[PDB]
Amino acid sequence: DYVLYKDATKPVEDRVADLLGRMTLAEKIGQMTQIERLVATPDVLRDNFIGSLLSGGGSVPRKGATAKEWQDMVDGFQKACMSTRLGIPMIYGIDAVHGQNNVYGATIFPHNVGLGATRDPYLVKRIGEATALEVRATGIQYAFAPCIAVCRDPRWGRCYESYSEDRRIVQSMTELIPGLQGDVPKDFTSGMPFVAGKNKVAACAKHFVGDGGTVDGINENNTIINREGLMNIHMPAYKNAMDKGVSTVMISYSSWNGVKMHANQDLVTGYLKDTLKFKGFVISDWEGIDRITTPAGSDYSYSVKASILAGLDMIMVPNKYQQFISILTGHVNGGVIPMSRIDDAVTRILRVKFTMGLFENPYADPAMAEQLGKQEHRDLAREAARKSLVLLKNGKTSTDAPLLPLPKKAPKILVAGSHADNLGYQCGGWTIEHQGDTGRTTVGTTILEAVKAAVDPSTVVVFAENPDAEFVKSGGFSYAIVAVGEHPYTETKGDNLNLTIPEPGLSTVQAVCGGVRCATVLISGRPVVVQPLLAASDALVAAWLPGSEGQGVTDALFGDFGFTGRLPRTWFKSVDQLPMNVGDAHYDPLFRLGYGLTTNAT
Ligand SMILES: OC[C@H]1O[C@@H](S[C@H]2[C@H](O)[C@@H](O)[C@H](O)O[C@@H]2CO)[C@H](O)[C@@H](O)[C@@H]1O
Ligand SMILES: *[C@@H]1O[C@H](CO)[C@@H](O)[C@H](O)[C@H]1NC(C)=O
Ligand SMILES: *[C@@H]1O[C@H](CO)[C@@H](O)[C@H](O)[C@H]1NC(C)=O
């Protein structure tokens, strides 16, 4: 009664081949199918031999669910998968892209653009490590990260998900990979997948390739660039990812010179698989195959053909699984897609699952639940937040006393602005909901809360969200901290051609700073029109989207640590200059890439 694929002491490739040779076509196509938890049930999983589940943004068992609730849900689905004839465990994926960010009480780290500002790849490794633990806390084994897009135009709604417009910084930050997955062995062959075991997660280098190079930063659009520029800007960090054993790669919705990435055999099979020697699995984006056609979904039969022939291995359906499986079965049955292509896809998927230990530990560890939101991880997020901050101005004239660092002891201070006491705004997109949200959406510390935690007990702190000029002038304030910026956004909703922050933002800054010396904290996912904010402000800090730990902001305001962040993108003078990147011929920045003022700790 011995079955070699079930023997944990056997080599991964032997186990993969042993299982593959036993599988029916239905079982094989099943492995290639990923479905939303929203459409999953025990019978669906079992009857269609489903390979994977995901949560999209905001796809949660309920609002406020505990780590245990998540474990029980994942285990519930796994039990059904394990009960099939062959007992192949599913892999469960989620967007844990700045912590385990769909989950209430999870540590929320700074978004990627802020992390680029740190120039600290080891910090990003440690964030990978902590994120893996908080993902495993919820029973999930797979994170759709890192986004290694090189955003070349801040008008893109996902520019905050890119570490930098400079591929060299993005390359350096692929250290997230061995954080999430564990360090690869001494001997390791570049392109093989790796996950250390049950305390780590499979990672996903996304979105292949040129997602950050689209025309006018239009999300999912066309990236017009010759092969030399594709390979010089958008590709390099994928080779770093191969070298670190990234387990999966997700394909972009975007096109390269008119060709849909989800139909690009030359790049997916010819380049990623056959040239970079990637041996993990390739996954679609969410209805990415549907969007090959215009309109999307208008020829699903072609979507399946073109994508699977291009070399994709697993399809993030995520809803219409019966139609996907029916169509792909018909294609194989009619010889339109050869069995060799199906077998390659399934070999890859199994290779990842076996390598990562999923056949040995298919179920959640309840002892891991307490990892969620752990104070050690929050302390790391607080460090990352502080290191991400870029000091742009610290005095209106070169002769003024520097405003920062501010004194913790003062009779009375003002904290103001739409973003001073709003946890959701300081986290941005991909936090609790897909688009992010407003207000107190999870566990954390706002800027107001952090100021109150920081200051001397004799310092009276007044909050006013949008005070008028008289209020400020009459208040007897020593100084003000005023926080304003962008609202949360994700993907296409963030595409923005004007890059001006919503009012009241500027008007509040002008009222506050007109009455008392002020430090302006600008929360944004990218550079935004800033000359008016600068003109009003004594000091101005680009804080990006710093996450749940607002104390990282006050650690630098009040001088516990000096400012060290440096712009990881160009700051433009006007959006009519765009695209404008470091190294261009017409480079006329307000602040060049690398710019950042410093302070010393007090
Ligand atoms: O979340 C999986 C995958 O999503 C796409 S965008 C995705 C949202 O989570 C989904 O819930 C919503 O209804 O559709 C959108 C796309 O329209 C994303 O590109 C990728 O990074 C992410 O891993
Ligand atoms: C780019 O966006 C335009 C709308 O501006 C749309 O008509 C076109 O289909 C898009 N192109 C691609 C390749 O996605
Ligand atoms: C700028 O564009 C955004 C997002 O596309 C829009 O919501 C906002 O109203 C615009 N701002 C201005 C000044 O037109």
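In each ligand, atom 1 is the first atom listed, and ligand 1 is the first ligand listed. For the single chain, residues carry numbers from 1 onward in sequence order. When reading the values below, keep in mind they use all heavy atoms of this one structure, side chains included, and skip hydrogens, waters and symmetry mates.
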| field | Identified side chain to side chain contact (heavy atoms under 4.5 Å, CB included) partner of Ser537 from the options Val512, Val521, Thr520, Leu392 | value | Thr520
Could you check whether [X] pairs with [Y] (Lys NZ or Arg NE/NH1/NH2 to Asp/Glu carboxylate O, under 4.0 Å)?
X      : Y      : answer
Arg158 : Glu491 : no
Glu287 : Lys320 : no
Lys273 : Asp313 : yes
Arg152 : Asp166 : no

| message | Pairs of nitrogen or oxygen atoms closer than 3.5 Å, one from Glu220 and one from ligand 1: do any exist? | response | no
| field | Which residues share a disulfide (SG to SG under 2.5 Å) with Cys204, sequence neighbours left out | value | none
| Partners meeting disulfide (SG to SG under 2.5 Å) with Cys513 (sequence neighbours left out) | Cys518
Identify the closest protein heavy atom to [atom]: which residue and atom is it, and at what distance?
atom                    : result
atom 9 (O) of ligand 1  : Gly57 N, 3.0 Å
atom 17 (O) of ligand 1 : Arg291 NH2, 3.2 Å
atom 8 (C) of ligand 1  : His434 NE2, 3.6 Å
atom 2 (C) of ligand 1  : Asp95 OD2, 3.3 Å
atom 16 (C) of ligand 1 : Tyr253 OH, 3.3 Å

Please work out whether any backbone atom (N, CA, C, O) or any side-chain heavy atom from C-beta onward of [X] is under 4.0 Å from ligand 1, and answer side chain, backbone, both or neither.
X      : answer
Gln34  : neither
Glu287 : neither
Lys493 : neither

| said: Applying ring-ring contact (aromatic ring centres under 6.0 Å, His included) to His419 and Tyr425, what does each step give before you reach the verdict? | reply: CA-CA 6 Å; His419 291 60; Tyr425 281 12; 4.7 Å; yes
Check each atom of ligand 1 against the heavy atoms of [X] and keep those under 4.0 Å away; list them by number with element.
X      : value
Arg158 : 18 (C), 19 (O), 20 (C), 21 (O)
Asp285 : 3 (C), 4 (O), 5 (C), 18 (C), 19 (O), 20 (C), 22 (C)
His207 : 19 (O), 20 (C), 21 (O)

| remark: Expected contact list for ligand 3 at under 4.0 angstrom, heavy-atom basis, is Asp495, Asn496, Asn498, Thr500
Taking side chain as C-beta onward, heavy atoms only, is [X] less than 4.5 Å from [Y]?
X      : Y      : answer
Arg569 : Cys159 : yes
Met314 : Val346 : no
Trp430 : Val97  : yes

| field | Which of the ligand 2 atoms, numbered from 1, are nearer than 4.0 Å to a heavy atom of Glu220 | value | 14 (O)
| query | Purely on distance, is any nitrogen or oxygen of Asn221 under 3.5 Å from one on ligand 2? | reply | yes
| field | Qualifying side chain to side chain donor-acceptor pair (under 3.5 Å) pairs with a residue from residues 492-501, counting only residues at least two apart or across chains | value | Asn219-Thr492, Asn496-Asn498, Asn498-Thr500
| To the nearest 0.5 Å, how far apart are OH in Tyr238 and CG in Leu267? | 11.0 Å
